[PDB]
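The block underneath contains the structure these notes are about, expressed in structure tokens.
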Amino acid sequence: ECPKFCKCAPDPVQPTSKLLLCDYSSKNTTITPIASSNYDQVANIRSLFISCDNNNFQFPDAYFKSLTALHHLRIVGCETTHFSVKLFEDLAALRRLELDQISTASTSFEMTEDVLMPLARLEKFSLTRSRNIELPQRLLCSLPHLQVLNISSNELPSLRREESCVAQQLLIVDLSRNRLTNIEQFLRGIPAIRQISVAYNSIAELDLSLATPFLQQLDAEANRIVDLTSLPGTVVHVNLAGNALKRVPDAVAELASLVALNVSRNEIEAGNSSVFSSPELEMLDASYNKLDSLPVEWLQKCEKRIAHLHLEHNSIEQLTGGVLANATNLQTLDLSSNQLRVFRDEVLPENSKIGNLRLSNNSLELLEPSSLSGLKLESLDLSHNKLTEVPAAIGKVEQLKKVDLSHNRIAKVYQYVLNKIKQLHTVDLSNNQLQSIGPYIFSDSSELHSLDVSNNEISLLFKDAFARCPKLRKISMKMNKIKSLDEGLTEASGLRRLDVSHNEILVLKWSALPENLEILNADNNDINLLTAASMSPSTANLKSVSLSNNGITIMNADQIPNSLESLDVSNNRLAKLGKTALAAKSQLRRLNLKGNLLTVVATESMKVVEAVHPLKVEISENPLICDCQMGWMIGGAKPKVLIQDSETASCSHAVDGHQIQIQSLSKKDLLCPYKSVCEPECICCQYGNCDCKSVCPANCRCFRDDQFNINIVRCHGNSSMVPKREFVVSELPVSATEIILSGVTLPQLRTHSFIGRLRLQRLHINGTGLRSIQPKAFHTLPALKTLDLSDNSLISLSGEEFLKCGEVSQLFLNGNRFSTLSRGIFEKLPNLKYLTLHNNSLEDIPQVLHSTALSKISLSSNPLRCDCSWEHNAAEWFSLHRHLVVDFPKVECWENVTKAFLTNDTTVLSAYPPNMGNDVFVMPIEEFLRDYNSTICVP
Amino acid sequence: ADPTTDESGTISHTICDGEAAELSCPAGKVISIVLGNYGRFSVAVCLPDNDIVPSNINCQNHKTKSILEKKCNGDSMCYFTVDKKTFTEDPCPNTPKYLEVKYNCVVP
Ligand SMILES: *[C@@H]1O[C@H](CO)[C@@H](O[C@@H]2O[C@H](CO)[C@@H](O[C@@H]3O[C@H](CO[C@H]4O[C@H](CO)[C@@H](O)[C@H](O)[C@@H]4O)[C@@H](O)[C@H](O)[C@@H]3O)[C@H](O)[C@H]2NC(C)=O)[C@H](O)[C@H]1NC(C)=O
Ligand SMILES: *[C@@H]1O[C@H](CO)[C@@H](O[C@@H]2O[C@H](CO)[C@@H](O)[C@H](O)[C@H]2NC(C)=O)[C@H](O)[C@H]1NC(C)=O
Ligand SMILES: *[C@@H]1O[C@H](CO)[C@@H](O[C@@H]2O[C@H](CO)[C@@H](O)[C@H](O)[C@H]2NC(C)=O)[C@H](O)[C@H]1NC(C)=O
Ligand SMILES: *[C@@H]1O[C@H](CO)[C@@H](O)[C@H](O)[C@H]1NC(C)=O
Ligand SMILES: *[C@@H]1O[C@H](CO)[C@@H](O)[C@H](O)[C@H]1NC(C)=O
Ligand SMILES: *[C@@H]1O[C@H](CO)[C@@H](O)[C@H](O)[C@H]1NC(C)=O
């Protein structure tokens, strides 16, 4: 079994053995010894990888035991300051050690000369990406059998070695990515070296001809090299990119068998033409340089052997012809980012194998018709240039497979240019100045795959433009003036993704499309109409379509193809959505109604006939109404349409119109008003006097829910044209469950006004001027629970008006003329919990309120008299019940100081000076009860 | 209660149980019974003076319209007493009933 926190594997280098991959980054748990796990294949572990990300990770001294067949060991990310010497004793079969990230800017690591003493047979030693390390000067003396040395990405400022240490098997040295300025002391006395990578350093003077005489590959990229001193005559790869070169260094131009030379991103001049010596130079990359024109002294020796010429970001003004006319092996020629104006005919050889020709971002004005005669090009680039058409030098190649002619000034595309090349896979004619796309300019290119004419002026599409190409599958026409899609694409039945976004297309015909299109994009146009997607056969293959930022105002069943899997009609003017638009389109999975002007998105427009999947919808940013038809917005239906942006999608309320979050939309909000309707199973619906018939009275708004459980009637006499008639209650619907007659003028409640309303739950006849209430006016209301007679002209209430209303628990009598509370209130309101009597004319606390079950009660803005308790005072009931008052800091003691002197009804409050302008002294009720025994009531 | 005519000229009438029913049309016209039902479709109409709210408001006598058309049609005025004797059956026993009749006055 594989040990703790480690996973076995069959060794890749030797698939018969067993690799092990340790990851102790997970936790600070203990490090299980491998010898004590006694893994069944410890002598089959030839390569061993450990990976950490925790700091100060120290190996147990008895960890690498019994791994006596371990050949490779990789340690990645297990930081420390030194390893145990005992650890590396039992690993004499180790042939390849790798360390990676064992120290940061903080931890200092020292490779000990004794930790590596039982590691002589190490044929590869790798220690990469780690800062502030110290290596022994006798590092090579502990590891003489050393062949590949990698210590890159370590920023070592110097490398010093004791001169007695000779790595006589050192083949490949990796000093790359450090801070080394001179290392002669290290390389002095290590001659076996054939490959050096001192890349990404600060080396200033390099001397190697008498140090490493077999050096075969020199990588000196990103240094301070001004000119070299000496090399061994074996150098075949010189990489001097990013140095301080001002001309060709001599010790590189004298090379014997130099195969490749990358002296790019320097500041070389092509005036200082040193003569190249090697005829084996087969690839030359003098890019990102300061060349004025290609020197012939350079290529002088390898004319039939040069193959790849990358020469970008120079200042070549003109290819002085003849220099490349003998490069028969030239397979790649890169001359982008220069100042060429005419690519003349005498520059290239007649039968060059040129498959790559790159000339982008030039001032190219003319390609004479013979510079590309007979070529077998695969890739031809000529972007950001000054071409005036497609030049006939391009009619001569027949193997041309990819072409880029963007950001040019092409005004027209003829027939013969781009027809005579059958092998053309890809064309680019974007950002040009095409005025239209002429017929048969694209027929005989029967290997076409992608076509781009985006960012042009195309005002018209010819009917025959796209025939004779059963392989063209992708075309882009974004940002043009396509005002109509007639005729032009009906014939190309191999197209799959078409781009006509950001145009002037007014109406969308599906029949005006190809028949195998699978992705469509018609974004940011003027499209305002969708044709019959049911009488159009070129819809069966459409999968995704985006008509965002358009003008579609309606979508029905016939305008939405049934085989689309994605639909994006966002930022449109969609007010209606046909009431079966998504019914028979069982394949759709996403739906974007973002930014439309939809109001009532009915339930039937989203009910998908046998949808197996969740239908995804974005319906935010729409002036919706949350009525009973938005039942699917709660998500209790199948198909269970899931609103994506319910966390920001909002709607207005159905009664008042305040903002509701669709995520927190409940079954309670969904109200959809009416003026007349009938309940289920209602038999008399045709008649005038019918109980289940809910007929709305005049000046009343009537709402309801889906299942005839809610019935809101909210009438208002907010008419400046004052109701010159009382409110006739006998006109209201019978089955009403909430009634608000608020603002209307109704001074009297007759006997039996509200009889037989078993469903009624709230009754707010407030703001009607009700002076009198005839008894039994509230007759048989078993579900009645809240009554509001506030803000009228009632002065007292008996208890004979309240017949059979036991469920009543709220009664609002504020804003009236109430001075007395009878006992008849609590004999018929047992469930009474909430009561308001504030702002009235209550002179004292009614002695019915000493043994009542009220929990909240409001008794402020009432002229209450406060004496020192002749047993019934106000401050005596309040100090006992001041919790029952909701507005305790709002009750105030009153005493008419002018009346109590003339009536000799002397109370404790007529001895304070009354308020200026008043006969009454006013003191908050908390100030009387706190100052009860302290100052006021002291005899 | 009193007969009421709507905007389309149909006169309705609501008459309690045991009371006298009088339908009448102006000169030159005859009664044309549009609807007819003897039973109870409302809690509020013809209240029993005993304070017993009627629990049966889906009470229907389907023979009412046909018995009123054979009695009042073609005539300028119709008289009878509203009880269970005139409409042949009690459509909801132990529920107070009333005839609700709507009628048009057409030229013969
Ligand atoms: C010889 O030395 C050369 C030094 O000039 C080495 O060149 C390196 O090439 C790589 C590969 O491109 C660069 O990495 C990136 O290159 C792209 C190239 O342009 C692409 O992207 C732009 C848009 O960004 C697009 O317009 C083009 O059409 C290309 O598709 C750069 O745009 C990136 O920013 C990035 O630089 C290296 O940066 C570049 N230099 C170095 C120092 O790495 C060359 O690789 C050497 N030869 C060999 C065989 O390795
Ligand atoms: C297009 O070519 C021009 C050549 O003039 C490039 O301009 C130079 O770009 C180099 C980057 O290597 C800068 O160091 C120079 O300073 C630029 N020359 C100026 C500013 O005169 C340009 O960058 C090229 N662009 C592309 C996309 O190829
Ligand atoms: C106490 O109740 C009275 C009556 O409900 C309120 O007086 C009304 O005030 C409004 C606006 O202030 C007027 O439109 C009405 O005409 C007034 N009605 C009467 C009968 O005067 C009074 O505002 C209430 N006070 C408090 C503090 O709520
Ligand atoms: C040296 O090691 C690093 C990381 O282990 C690796 O990215 C780099 O390519 C290596 N260089 C060699 C083996 O020359
Ligand atoms: C190419 O090689 C031929 C070999 O005879 C030589 O005559 C000619 O000068 C060379 N250069 C050009 C540009 O033709
Ligand atoms: C009557 O009470 C309702 C609450 O049901 C309230 O919204 C309305 O403002 C009140 N009427 C007046 C005229 O204050």
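Chains: A, B, ... in order of the structure tokens. Residues: from 1 per chain. Ligands: from 1, in order shown.
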
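Non-sequential neighbours of residue A:305 (distance at most 10 Å, separation of 4 or more positions within a chain, only C-alpha atoms) are residues 259, 279, 280, 281, 282, 283, 299, 301, 326, 327, 328, 329 and 330 of chain A.
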
Give the residues of chain A that lie within 7 Å of chain B; count only C-alpha atoms, and format the answer as a PDB file with N, CA, C and O atoms, in the first residue's frame.
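part.pdb was written with the following content:
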```pdb
ATOM      1  N   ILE A 683     -73.116  28.980 -10.049  1.00  0.00           N
ATOM      2  CA  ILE A 683     -74.243  28.616 -10.910  1.00  0.00           C
ATOM      3  C   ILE A 683     -75.074  29.820 -11.383  1.00  0.00           C
ATOM      4  O   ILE A 683     -75.658  29.775 -12.473  1.00  0.00           O
ATOM      5  N   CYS A 684     -75.161  30.888 -10.586  1.00  0.00           N
ATOM      6  CA  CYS A 684     -75.978  32.057 -10.900  1.00  0.00           C
ATOM      7  C   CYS A 684     -75.205  33.183 -11.579  1.00  0.00           C
ATOM      8  O   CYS A 684     -75.673  34.327 -11.579  1.00  0.00           O
ATOM      9  N   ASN A 689     -78.392  39.309  -8.886  1.00  0.00           N
ATOM     10  CA  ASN A 689     -78.250  39.068  -7.448  1.00  0.00           C
ATOM     11  C   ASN A 689     -77.657  37.676  -7.249  1.00  0.00           C
ATOM     12  O   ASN A 689     -78.362  36.690  -7.034  1.00  0.00           O
ATOM     13  N   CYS A 690     -76.331  37.602  -7.318  1.00  0.00           N
ATOM     14  CA  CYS A 690     -75.608  36.345  -7.174  1.00  0.00           C
ATOM     15  C   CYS A 690     -74.480  36.543  -6.170  1.00  0.00           C
ATOM     16  O   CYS A 690     -73.768  37.553  -6.223  1.00  0.00           O
ATOM     17  N   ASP A 691     -74.341  35.593  -5.238  1.00  0.00           N
ATOM     18  CA  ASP A 691     -73.375  35.723  -4.150  1.00  0.00           C
ATOM     19  C   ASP A 691     -71.951  35.475  -4.627  1.00  0.00           C
ATOM     20  O   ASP A 691     -71.032  36.225  -4.281  1.00  0.00           O
ATOM     21  N   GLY A 756     -73.468  38.360   6.653  1.00  0.00           N
ATOM     22  CA  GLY A 756     -73.184  37.196   5.828  1.00  0.00           C
ATOM     23  C   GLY A 756     -71.830  37.128   5.152  1.00  0.00           C
ATOM     24  O   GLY A 756     -71.637  36.245   4.308  1.00  0.00           O
TER      25      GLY A 756
END
```

Write out as JSON, numbers by chain each polymer residue (protein, DNA or RNA) that has an atom no more than 7 Å from ligand 3, with only C-alpha atoms and all ligand atoms counted. {"A": [790, 791, 792, 814, 815, 816, 839, 840]}

Out of chain B, which residues get strand (DSSP E) from DSSP, as a PyMOL selection string? chain B and resi 4-5+11-16+20-24+30-39+77-81+98-106

Next, the residues of the selection above should be written as a CSV table (one decimal), in the first residue's frame with N, CA and C atoms.
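Generated output (out_17.csv):
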```
chain,number,residue,atom,x,y,z
B,4,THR,N,-86.4,46.4,-11.7
B,4,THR,CA,-85.4,47.3,-12.3
B,4,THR,C,-85.1,46.9,-13.7
B,5,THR,N,-85.0,48.0,-14.6
B,5,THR,CA,-84.7,47.8,-16.0
B,5,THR,C,-83.3,48.3,-16.2
B,11,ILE,N,-86.4,43.9,-17.8
B,11,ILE,CA,-86.9,44.2,-16.5
B,11,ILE,C,-86.7,43.0,-15.6
B,12,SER,N,-86.1,43.1,-14.5
B,12,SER,CA,-85.8,42.1,-13.5
B,12,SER,C,-86.8,42.3,-12.3
B,13,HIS,N,-87.0,41.2,-11.6
B,13,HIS,CA,-87.9,41.3,-10.5
B,13,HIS,C,-87.5,40.2,-9.4
B,14,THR,N,-87.5,40.6,-8.2
B,14,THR,CA,-87.1,39.7,-7.1
B,14,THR,C,-88.2,39.6,-6.0
B,15,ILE,N,-88.9,38.5,-5.9
B,15,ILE,CA,-90.1,38.4,-5.1
B,15,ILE,C,-89.9,37.2,-4.1
B,16,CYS,N,-90.2,37.4,-2.8
B,16,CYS,CA,-90.0,36.5,-1.7
B,16,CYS,C,-91.0,35.3,-1.7
B,20,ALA,N,-97.0,37.8,-3.2
B,20,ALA,CA,-97.6,38.0,-4.5
B,20,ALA,C,-96.7,38.6,-5.6
B,21,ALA,N,-96.7,38.0,-6.8
B,21,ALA,CA,-95.8,38.4,-7.9
B,21,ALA,C,-96.7,39.1,-9.0
B,22,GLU,N,-96.3,40.3,-9.4
B,22,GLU,CA,-96.9,41.0,-10.4
B,22,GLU,C,-95.9,41.4,-11.5
B,23,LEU,N,-96.0,40.9,-12.7
B,23,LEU,CA,-95.2,41.3,-13.8
B,23,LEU,C,-96.2,42.1,-14.8
B,24,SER,N,-95.7,43.2,-15.3
B,24,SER,CA,-96.6,44.0,-16.1
B,24,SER,C,-95.7,44.7,-17.2
B,30,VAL,N,-96.1,42.7,-24.8
B,30,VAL,CA,-96.4,41.5,-24.0
B,30,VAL,C,-95.1,41.0,-23.3
B,31,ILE,N,-95.3,40.3,-22.2
B,31,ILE,CA,-94.2,39.9,-21.3
B,31,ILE,C,-93.4,38.8,-22.1
B,32,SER,N,-92.1,38.8,-21.9
B,32,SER,CA,-91.1,37.9,-22.5
B,32,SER,C,-90.1,37.4,-21.5
B,33,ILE,N,-90.3,36.3,-20.9
B,33,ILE,CA,-89.5,35.8,-19.8
B,33,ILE,C,-88.1,35.5,-20.3
B,34,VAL,N,-87.1,36.2,-19.8
B,34,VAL,CA,-85.7,36.0,-20.2
B,34,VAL,C,-85.1,34.9,-19.3
B,35,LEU,N,-85.3,35.0,-18.0
B,35,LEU,CA,-84.7,34.1,-17.0
B,35,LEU,C,-85.8,33.8,-15.9
B,36,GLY,N,-85.5,32.8,-15.2
B,36,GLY,CA,-86.4,32.4,-14.1
B,36,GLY,C,-85.8,31.4,-13.2
B,37,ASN,N,-85.8,31.6,-11.9
B,37,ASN,CA,-85.3,30.7,-10.9
B,37,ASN,C,-86.0,30.9,-9.6
B,38,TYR,N,-86.6,29.9,-9.0
B,38,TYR,CA,-87.2,29.9,-7.7
B,38,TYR,C,-86.3,29.1,-6.7
B,39,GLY,N,-85.6,29.8,-5.8
B,39,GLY,CA,-84.7,29.2,-4.9
B,39,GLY,C,-84.0,30.2,-4.0
B,77,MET,N,-99.8,41.2,-18.6
B,77,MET,CA,-99.7,41.2,-17.1
B,77,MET,C,-99.9,39.8,-16.6
B,78,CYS,N,-99.1,39.4,-15.5
B,78,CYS,CA,-99.0,38.1,-14.9
B,78,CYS,C,-99.2,38.2,-13.4
B,79,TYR,N,-100.0,37.3,-12.9
B,79,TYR,CA,-100.2,37.2,-11.4
B,79,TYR,C,-100.1,35.8,-10.9
B,80,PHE,N,-99.5,35.6,-9.7
B,80,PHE,CA,-99.4,34.4,-9.0
B,80,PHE,C,-98.8,34.6,-7.7
B,81,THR,N,-98.9,33.6,-6.8
B,81,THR,CA,-98.2,33.6,-5.5
B,81,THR,C,-96.9,32.7,-5.6
B,98,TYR,N,-86.9,32.4,-3.0
B,98,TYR,CA,-87.4,33.5,-3.6
B,98,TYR,C,-87.3,33.4,-5.1
B,99,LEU,N,-88.3,33.9,-5.9
B,99,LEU,CA,-88.3,33.9,-7.3
B,99,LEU,C,-87.5,35.2,-7.8
B,100,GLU,N,-86.5,35.0,-8.6
B,100,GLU,CA,-85.9,36.1,-9.3
B,100,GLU,C,-86.2,35.9,-10.8
B,101,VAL,N,-87.0,36.9,-11.4
B,101,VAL,CA,-87.4,36.8,-12.7
B,101,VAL,C,-87.0,38.1,-13.5
B,102,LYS,N,-86.4,37.9,-14.7
B,102,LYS,CA,-86.1,38.9,-15.6
B,102,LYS,C,-86.9,38.7,-16.8
B,103,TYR,N,-87.4,39.8,-17.4
B,103,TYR,CA,-88.3,39.7,-18.6
B,103,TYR,C,-88.1,40.9,-19.4
B,104,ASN,N,-88.4,40.7,-20.7
B,104,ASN,CA,-88.4,41.7,-21.8
B,104,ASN,C,-89.9,42.0,-22.1
B,105,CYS,N,-90.1,43.2,-22.6
B,105,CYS,CA,-91.5,43.6,-23.1
B,105,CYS,C,-91.4,43.8,-24.6
B,106,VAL,N,-91.9,42.9,-25.4
B,106,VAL,CA,-91.8,42.9,-26.8
B,106,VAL,C,-93.2,43.2,-27.4
```

Taking only C-alpha atoms and all ligand atoms into account, which residues have an atom no farther than 8 Å from ligand 2? I'd like them as a PyMOL selection string. chain A and resi 288+313-315+336-339+360-362

Env of stretch 712-715 of chain A: 12 Å cut, atoms = only C-alpha atoms, seq-sep filter 5 positions within chain, self excluded. Answer as a short mmCIF file (atom, residue, chain, number, x, y, z; two decimals) with N, CA and C atoms, in the first residue's frame.
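out-v3.cif, freshly written:
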```
data_model
loop_
_atom_site.label_atom_id
_atom_site.label_comp_id
_atom_site.auth_asym_id
_atom_site.auth_seq_id
_atom_site.Cartn_x
_atom_site.Cartn_y
_atom_site.Cartn_z
N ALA A 654 -48.67 45.04 -7.50
CA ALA A 654 -49.95 44.97 -8.18
C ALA A 654 -51.00 45.91 -7.61
N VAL A 655 -50.81 46.43 -6.40
CA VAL A 655 -51.78 47.32 -5.75
C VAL A 655 -51.27 48.75 -5.71
N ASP A 656 -50.13 48.97 -5.05
CA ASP A 656 -49.55 50.29 -4.90
C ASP A 656 -48.44 50.58 -5.90
N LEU A 671 -51.12 39.56 -7.59
CA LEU A 671 -52.48 40.07 -7.73
C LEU A 671 -52.71 40.63 -9.13
N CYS A 672 -53.86 40.32 -9.71
CA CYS A 672 -54.19 40.66 -11.09
C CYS A 672 -55.60 41.23 -11.12
N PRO A 673 -55.76 42.56 -11.25
CA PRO A 673 -57.05 43.20 -10.99
C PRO A 673 -58.14 42.81 -11.99
N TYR A 674 -59.36 43.23 -11.66
CA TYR A 674 -60.57 42.84 -12.38
C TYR A 674 -61.63 43.93 -12.25
N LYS A 675 -62.68 43.84 -13.09
CA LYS A 675 -63.91 44.59 -12.86
C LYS A 675 -65.15 43.73 -12.69
N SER A 676 -65.16 42.49 -13.17
CA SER A 676 -66.24 41.56 -12.87
C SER A 676 -65.76 40.15 -13.22
N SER A 694 -68.58 38.42 -8.21
CA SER A 694 -67.80 39.51 -7.63
C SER A 694 -67.84 40.64 -8.65
N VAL A 695 -68.75 41.59 -8.45
CA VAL A 695 -68.89 42.75 -9.34
C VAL A 695 -68.32 43.98 -8.66
N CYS A 696 -67.42 44.68 -9.34
CA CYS A 696 -66.72 45.79 -8.71
C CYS A 696 -67.62 47.03 -8.69
N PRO A 697 -67.78 47.68 -7.54
CA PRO A 697 -68.52 48.94 -7.49
C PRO A 697 -67.74 50.06 -8.16
N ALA A 698 -68.45 51.14 -8.49
CA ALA A 698 -67.80 52.29 -9.12
C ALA A 698 -66.84 52.96 -8.14
N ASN A 699 -65.81 53.60 -8.70
CA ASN A 699 -64.73 54.24 -7.93
C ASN A 699 -63.97 53.24 -7.05
N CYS A 700 -63.98 51.97 -7.44
CA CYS A 700 -63.28 50.93 -6.70
C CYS A 700 -62.34 50.17 -7.61
N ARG A 701 -61.14 49.89 -7.10
CA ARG A 701 -60.21 48.96 -7.72
C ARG A 701 -60.33 47.60 -7.03
N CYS A 702 -60.41 46.54 -7.84
CA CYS A 702 -60.62 45.18 -7.36
C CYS A 702 -59.49 44.28 -7.83
N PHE A 703 -58.81 43.62 -6.89
CA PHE A 703 -57.74 42.68 -7.18
C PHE A 703 -58.16 41.28 -6.78
N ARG A 704 -57.40 40.29 -7.23
CA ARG A 704 -57.63 38.92 -6.77
C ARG A 704 -56.37 38.11 -7.01
N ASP A 705 -56.39 36.90 -6.47
CA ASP A 705 -55.37 35.87 -6.65
C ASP A 705 -55.90 34.81 -7.61
N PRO A 723 -68.03 62.75 -3.36
CA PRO A 723 -69.19 61.86 -3.53
C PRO A 723 -70.44 62.47 -2.90
N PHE A 727 -71.74 56.11 0.57
CA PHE A 727 -71.25 54.87 0.00
C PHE A 727 -72.29 53.80 0.26
N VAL A 728 -72.73 53.13 -0.81
CA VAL A 728 -73.75 52.09 -0.72
C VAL A 728 -73.00 50.76 -0.57
N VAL A 729 -73.01 50.22 0.65
CA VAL A 729 -72.24 49.01 0.93
C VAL A 729 -72.87 47.79 0.26
N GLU A 731 -73.71 47.31 -2.61
CA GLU A 731 -73.22 47.12 -3.98
C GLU A 731 -71.91 46.33 -4.05
N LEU A 732 -71.17 46.23 -2.93
CA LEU A 732 -69.88 45.57 -2.90
C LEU A 732 -70.02 44.10 -3.30
N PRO A 733 -68.93 43.45 -3.73
CA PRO A 733 -69.00 42.01 -4.02
C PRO A 733 -69.30 41.23 -2.74
N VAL A 734 -69.98 40.09 -2.90
CA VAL A 734 -70.39 39.32 -1.73
C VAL A 734 -69.19 38.63 -1.09
N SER A 735 -68.37 37.93 -1.90
CA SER A 735 -67.25 37.13 -1.41
C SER A 735 -66.00 37.95 -1.06
N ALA A 736 -66.12 39.25 -0.79
CA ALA A 736 -64.96 40.07 -0.46
C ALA A 736 -64.34 39.65 0.87
N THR A 737 -62.99 39.59 0.91
CA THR A 737 -62.21 39.20 2.08
C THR A 737 -61.39 40.34 2.67
N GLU A 738 -61.36 41.50 2.02
CA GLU A 738 -60.80 42.71 2.60
C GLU A 738 -61.54 43.90 2.01
N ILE A 739 -61.95 44.87 2.85
CA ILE A 739 -62.66 46.05 2.37
C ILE A 739 -62.06 47.32 2.96
N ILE A 740 -61.70 48.27 2.09
CA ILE A 740 -61.17 49.57 2.47
C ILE A 740 -62.00 50.64 1.76
N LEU A 741 -62.84 51.34 2.51
CA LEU A 741 -63.64 52.46 2.00
C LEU A 741 -63.03 53.68 2.67
N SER A 742 -61.98 54.23 2.07
CA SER A 742 -61.11 55.17 2.77
C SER A 742 -60.98 56.46 1.97
N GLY A 743 -61.59 57.51 2.48
CA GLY A 743 -61.72 58.78 1.81
C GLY A 743 -63.13 59.04 1.33
N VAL A 744 -63.96 57.99 1.21
CA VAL A 744 -65.32 58.17 0.72
C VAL A 744 -66.14 58.82 1.82
N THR A 745 -67.30 59.35 1.44
CA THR A 745 -68.19 60.02 2.39
C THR A 745 -69.35 59.08 2.75
N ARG A 759 -66.13 35.30 4.70
CA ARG A 759 -64.72 35.37 4.34
C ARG A 759 -64.04 36.68 4.74
N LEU A 760 -64.79 37.72 5.12
CA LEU A 760 -64.18 39.02 5.37
C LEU A 760 -63.16 38.94 6.51
N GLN A 761 -61.93 39.45 6.28
CA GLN A 761 -60.86 39.45 7.28
C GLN A 761 -60.38 40.83 7.72
N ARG A 762 -60.45 41.84 6.86
CA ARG A 762 -60.11 43.21 7.25
C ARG A 762 -61.19 44.16 6.76
N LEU A 763 -61.53 45.13 7.60
CA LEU A 763 -62.59 46.10 7.28
C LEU A 763 -62.16 47.48 7.74
N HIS A 764 -61.92 48.38 6.79
CA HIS A 764 -61.38 49.71 7.06
C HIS A 764 -62.30 50.78 6.47
N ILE A 765 -63.43 51.00 7.13
CA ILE A 765 -64.34 52.07 6.75
C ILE A 765 -63.93 53.32 7.52
N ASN A 766 -62.73 53.82 7.21
CA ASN A 766 -62.09 54.93 7.92
C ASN A 766 -61.97 56.12 6.97
N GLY A 767 -62.27 57.31 7.47
CA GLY A 767 -62.27 58.47 6.59
C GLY A 767 -63.55 58.57 5.80
N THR A 768 -64.68 58.32 6.45
CA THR A 768 -65.99 58.39 5.84
C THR A 768 -66.94 59.36 6.53
#
```

Nearest residue to residue B:62 from the set B:49, B:75, B:83, B:90 (distances using only C-alpha atoms): B:90

Please find the residues contacting ligand 5 at a distance of at most 8 Å between atoms, with only C-alpha atoms and all ligand atoms counted, and report them as a ChimeraX atom specification. /A:321-326

Produce as a PyMOL selection string the set of residues near ligand 1, where near means within 7 Å with only C-alpha atoms and all ligand atoms considered. chain A and resi 241+262+264-265+285+287-288

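Within the 10 Å cut-off around residue A:364, using only C-alpha atoms and omitting residues fewer than 6 positions from it on the same chain, the listed residues are residues 338, 339, 340, 341, 342, 343, 382, 383, 384, 385, 386, 387, 388 and 408 of chain A.
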
Using Å and a single decimal, report how far atom CA of residue A:45 sits from atom CA of residue A:20. 6.5 Å
